[PDB]
Amino acid sequence: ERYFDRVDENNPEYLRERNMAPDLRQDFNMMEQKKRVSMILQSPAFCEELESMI
Amino acid sequence: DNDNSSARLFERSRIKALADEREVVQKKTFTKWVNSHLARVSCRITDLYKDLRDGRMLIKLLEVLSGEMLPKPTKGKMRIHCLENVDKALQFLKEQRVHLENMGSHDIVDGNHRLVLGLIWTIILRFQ
Amino acid sequence: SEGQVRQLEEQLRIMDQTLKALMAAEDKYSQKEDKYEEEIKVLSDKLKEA
Amino acid sequence: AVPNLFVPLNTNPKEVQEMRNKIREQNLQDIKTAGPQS
Amino acid sequence: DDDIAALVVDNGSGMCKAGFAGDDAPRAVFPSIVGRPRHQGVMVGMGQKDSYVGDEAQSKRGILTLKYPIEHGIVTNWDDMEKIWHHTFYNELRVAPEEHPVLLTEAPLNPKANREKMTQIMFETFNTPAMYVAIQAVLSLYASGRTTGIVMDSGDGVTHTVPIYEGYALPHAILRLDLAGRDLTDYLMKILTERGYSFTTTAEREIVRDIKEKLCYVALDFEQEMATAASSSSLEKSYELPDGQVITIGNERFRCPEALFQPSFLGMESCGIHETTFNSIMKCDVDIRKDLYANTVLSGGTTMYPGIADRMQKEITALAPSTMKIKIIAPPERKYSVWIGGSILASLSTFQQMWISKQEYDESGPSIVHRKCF
Ligand SMILES: Nc1ncnc2c1ncn2[C@@H]1O[C@H](COP(=O)(O)OP(=O)(O)O)[C@@H](O)[C@H]1O
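Residue numbers (the authors' numbering), protein chains in the order written: chain 9, 22 to 75; chain S, 31 to 158; chain U, 150 to 199; chain 1, 484 to 521; chain I, 2 to 375.
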């Protein structure tokens, strides 16, 4: 019984799984595969340049 | 035939059961209500369907309720005199402008349950 | 004859009361199955897209 | 306009299903009740 | 409020059903006929009965002429309708009409005067505190229990298809066809002539209706069934008349309901019920059609023929695109479904807001019914 194991209405942030478009399903996975926001912040040489420029 | 059998099951169980419970309860309550007023004279009915056939007790009940003198019943023990005795009470009800629908003497004489119960209910609605 | 009539009436009532439970179980089994149908087709569509 | 004229707004859809299920359950229990007393 | 339950009255052309709210089954079910005597009355002292109405009008049908107050869903004679309503309220249920509100059902596309006269009769004479008028095919969806679907209701007077998506009904896609079991009974009475049986009186029409209800079915393939009936005699069945005579219906069994799918047997130019349902589906928008394909609901007593669902599914599948999945939902209790929906509608706590009060009628005349209801 998988259907007893979990309930769609128990968790809203599991309820988000059911109502996804397929291209929206790729966009999240690809974009957190890339981790661009982590890359920009972790890399210093571009970072203090952006800091001081602002 | 399977769904036909299921439909016959549904309309054999529920439609019969609810109607029979309601009419049994109504029969007991109407019997008590008639017995309360019929106890002023020395008269008492055990079964509503059977004792109301001859038409004498209907005349006695209408005489007790209304308060004036109805014509005395036809002196007989046949089916025709029975029909006459029921028709006298029905015509006396036609005096009081009480509205009776699908009510005949033969319906009371034969002992149709629903029409007898409706007649008693109409009498109760009038004379209360 | 009268006694036989009323005892068989009791048997008939008991047996229709038995049949109603099978009716209910059939209905709720089908209502359980159709959402499994709707689940597998959506998840297979996701698999093909991937 | 007035598309929602015949019905009231902001009603919970779950209540109708629950009462329909209750009427359904009355058949399975087949409890026999008399009519309301006048 | 809690103990008081509004009466639910389903009022079709063929039979009248009545009961209390919150009940699974109606208390009183009886045919809607009004009969009157025609012969001599010679026995003195039997009493006078001017009119016979209801089930006991059927029992003495030998000496009566029978009239139907409702024809094609329209109340042609109103006095007989008052007789039926009085017999329902007093003899059948034994309830005072002042105590409880009344819920009524009707066809979708009807003349306005029918609704106005219904409201006027139920307020002026029976003196009811509240009353509501609803559509039968909408109540069928309440009985089914789903938000969306298309309802094809076929009774004794009229057939109609309404689509509903997410609780919203499309008025322009509602379709009405004047092809019901009444015309099927007339067609069966016509086609029984060629085997030597003649039924002409109004009393024999009930016998023909009983024959139709007992020995009729819908063939899945018309031409193959006709070839089978011509080849062999295994399809023949026997029926016993009330006078003891025996008739053999034979080939006619699958020919009487076939007029539902091909109206050209009756001379009508209209389309069949399957084509009517398909056209009602395609009159809606593009997006909802898939859902309307998945929740087709059958209702009414005319859809009680054996094999109607398989033939309907096959015809709709043939008309519809192949990539869609077509299923027909027909509960075993589809004769009473409308009434059940009415009870479900009558017991809701929200619906207590939507009753038409007597004061509102006193202010607005009989025209209040169009502003409320539907
Ligand atoms: N068991 C049955 N099999 C086939 N047809 C039936 C059956 N019962 C009723 N009918 C048809 O349905 C008609 C009655 O329909 P009904 O449900 O009374 O319509 P409404 O209630 O809307 O007037 C009858 O005239 C008959 O033609």
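Built from N, CA and C at the ideal position, the CB exists for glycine as well.
| task | Any chance you could list the alpha helix (DSSP H) runs of at least 4 consecutive residues sitting entirely within the region 137-210 of chain I, in chain order? | result | 137-145, 182-192
| field | residue 248 (chain I), enclosing beta strand (DSSP E) - first and last residue | value | 247-249
| said: Quick check: the Cα distance between residue 336 (chain I) and residue 141 (chain I), rounded to an integer number of angstroms? | reply: 10 Å
| request: For residue 491 (chain 1), name the three-state secondary structure that DSSP assigns. | output: coil
| field | C-beta atoms of residue 135 (chain I) and residue 375 (chain I) nearer than 8 Å | value | yes
| message | According to DSSP, is residue 378 (chain I) part of a helix, a strand, or is it coil? | response | This structure does not reach residue 378 (chain I), given that chain I is present from 2 up to 375, and the question cannot be answered.
| message | So within the region 312-353 of chain I, which uninterrupted alpha helix (DSSP H) runs reach at least 4 residues, ignoring any that extend past its ends? | response | 338-347
| request: Check whether the Cβ atoms of residue 228 (chain I) and residue 159 (chain I) sit closer than 8 Å, and answer yes or no. | output: no
| said: With a threshold of 8 Å, are at least 3 pairs of Cβ atoms found where one atom belongs to the region 112-124 of chain S and the other to the region 43-60 of chain S? | reply: no
| query | In angstroms, rounded to a whole number, what distance separates the CA positions of residue 242 (chain I) and residue 205 (chain I)? | reply | 10 Å
| task | Indicate whether at least one CB of chain S lies closer than 8 Å to the CB of residue 172 (chain U). | result | yes
| said: Quick check on DSSP: helix, strand or coil for residue 69 (chain 9)? | reply: helix
| message | Please tell me whether, using a cut-off of 7 Å, the distance from the CB of residue 344 (chain I) to the nearest non-hydrogen atom of ligand 1 is below it. | response | no
| residue 165 (chain U) touches chain S at which residues, Cβ-Cβ below 9 Å? | 39, 42, 43
| task | Count the other C-beta atoms from every protein chain shown that fall within 10 angstroms of the C-beta of residue 137 (chain I), then say buried if there are 16 or more, exposed otherwise. | result | buried
| Endpoints, the beta strand (DSSP E) within which residue 10 (chain I) is located | 8-12
| query | Relative to the C-alpha of residue 104 (chain S), which residue among 95 (chain S), 40 (chain S), 119 (chain S) is closest? | reply | 119 (chain S)
| query | Does the beta carbon of residue 66 (chain S) come closer than 8 Å to any beta carbon on chain U? | reply | no
| query | Applying a beta-carbon distance threshold of less than 8 Å, which residues of chain 1 neighbour residue 21 (chain I)? | reply | 518, 519
| message | For residue 37 (chain 9), report the span of its alpha helix (DSSP H) as first-last. | response | 33-39
| field | Neighbouring residues, chain 1, relative to residue 375 (chain I) (Cβ below 7 Å) | value | 489
| task | To the nearest angstrom, report how far apart residue 326 (chain I) and residue 319 (chain I) are at their CA atoms. | result | 11 Å
| message | Within the continuous alpha helix (DSSP H) that includes residue 25 (chain 9), where are the two ends? | response | 23-26
| query | Residues in its own chain within less than 8 Å of residue 257 (chain I) by CB, not counting five upstream and five downstream? | reply | 185, 188, 189, 192, 213, 217
| said: With a threshold of 8 Å on Cβ separation, who are the neighbours of residue 238 (chain I) within its own chain once the five nearest residues in sequence on each side are excluded? | reply: 216, 249, 250, 251, 254
| With C-beta atoms as the reference, is residue 104 (chain I) less than 8 Å away from residue 133 (chain I)? | yes
| said: Looking at residue 78 (chain S): is its Cβ nearer than 8 Å to the Cβ of residue 139 (chain S)? | reply: no
| message | Whether or not the region 44-53 of chain I and the region 16-28 of chain I are in contact is what I'm after, with contact meaning three or more pairs of Cβ atoms, one per stretch, closer than 8 Å; do they touch? | response | no
| field | Identified DSSP bridge partners for residue 358 (chain I) | value | 131 (chain I)
| At a cut-off of 7 Å, is residue 36 (chain S) close to ligand 1 when judged by its beta-carbon and the heavy atoms of the ligand? | no
| query | Skipping 5 residues on each side, what residues in its chain have a beta carbon closer than 6 Å to that of residue 61 (chain S)? | reply | 78
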